[PDB]
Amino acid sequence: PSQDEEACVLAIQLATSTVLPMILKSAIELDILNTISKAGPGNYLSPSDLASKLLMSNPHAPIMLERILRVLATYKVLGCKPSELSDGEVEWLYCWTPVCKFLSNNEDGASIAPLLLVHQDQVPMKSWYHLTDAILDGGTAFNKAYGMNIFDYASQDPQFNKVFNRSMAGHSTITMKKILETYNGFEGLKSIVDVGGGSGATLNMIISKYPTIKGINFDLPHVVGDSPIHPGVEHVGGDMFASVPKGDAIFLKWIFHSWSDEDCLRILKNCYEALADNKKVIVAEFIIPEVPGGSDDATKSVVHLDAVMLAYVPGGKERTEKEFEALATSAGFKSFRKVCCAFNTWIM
């Protein structure tokens, strides 16, 4: 009877698992995580302390926050410790964890929280309701919801544009900062073109460590025209399928997982054409493991991403290392090399 109970309560848990992303979204929107980050390690807050520090006016906000805090503790975003009340009952206090750090809006702009907000946004959320139809009828879930792909939608909705670009910028500020502690590959080159570089955050972090290097942040016009400027980095609006600006190396982070094999090869030809001989194409992506049933957080992340690609973009998919090696090979490249990994992002 013990196996049945473990299996059934897992089923119930999975059936009510929309709670996690939605409670996380609310904790971010209520500034719970930044507030706890402000308190910092080992600084425990009761639900009442947190409503007070947030200056909330709702007399029932403390009990509501308590129930949110309890969700976050179960998913290890927060720790917690008991505090004895006068009448013998126990108050539960909650505290920072390193996870909470990555989900807080660090003044440096580096945060994973905007990534949660783009996926809970009402525009991408509707694509899931057309996924079952996409499988049975063909087509792509997102385009069936909207009659246009996600990038076309962003160009027509400035609010969603900012939400999308901020989620990418937050992630790659964190990731390139840790990448740069272990990657040589930019040291000896005159210039880098970030193809689909979004808001320029990746080059912002590359040039700040290697000034003198000329950064070319290349993306669609509606993305570059709403982006801040770092010195060393010049924004170029364009279309990577039309051409790619020339440089000493080309960089593509989280590009290929959004395009079919045939479209990846079209991007890679324009990259080829844009570089001199004996030059590099630097790719940053997750990699699918050869064995699919792992339950750790790294496998969950890349598996989540592959499902996101399935609903959001035609032909998008996460790939194995052998699948990346094949693309480079088909594109006339002669050397493929997996270099290092940071926060599940490989440099290839």
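Note that residue numbering begins at 1 and tracks the sequence as displayed.
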{"query": "106 to 114 versus 137 to 145 - which carries the larger mean C-alpha B factor in the record", "finding": "106 to 114"}
{"query": "Which of 284 to 292 and 303 to 311 has higher mean CA B factor, as the PDB entry lists it", "finding": "284 to 292"}
{"query": "Residue, from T132, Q120, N204, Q156, that the PDB entry assigns the highest Cα B-factor", "finding": "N204"}
{"query": "Which of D239, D194, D261, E89 ranks first by CA B-factor in the deposited coordinates", "finding": "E89"}
{"query": "CA B-factor placement of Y75, once the chain's modelled residues are sorted into thirds", "finding": "lowest"}
{"query": "Chain-wide C-alpha B factor ranking for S48, given as lowest, middle or highest third", "finding": "middle"}
{"query": "CA B-factor ranking of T212, expressed as a third of its chain", "finding": "highest"}
{"query": "Chain-wide C-alpha B factor ranking for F160, given as lowest, middle or highest third", "finding": "middle"}
{"query": "Record-listed C-alpha B factor of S172: chain third", "finding": "middle"}
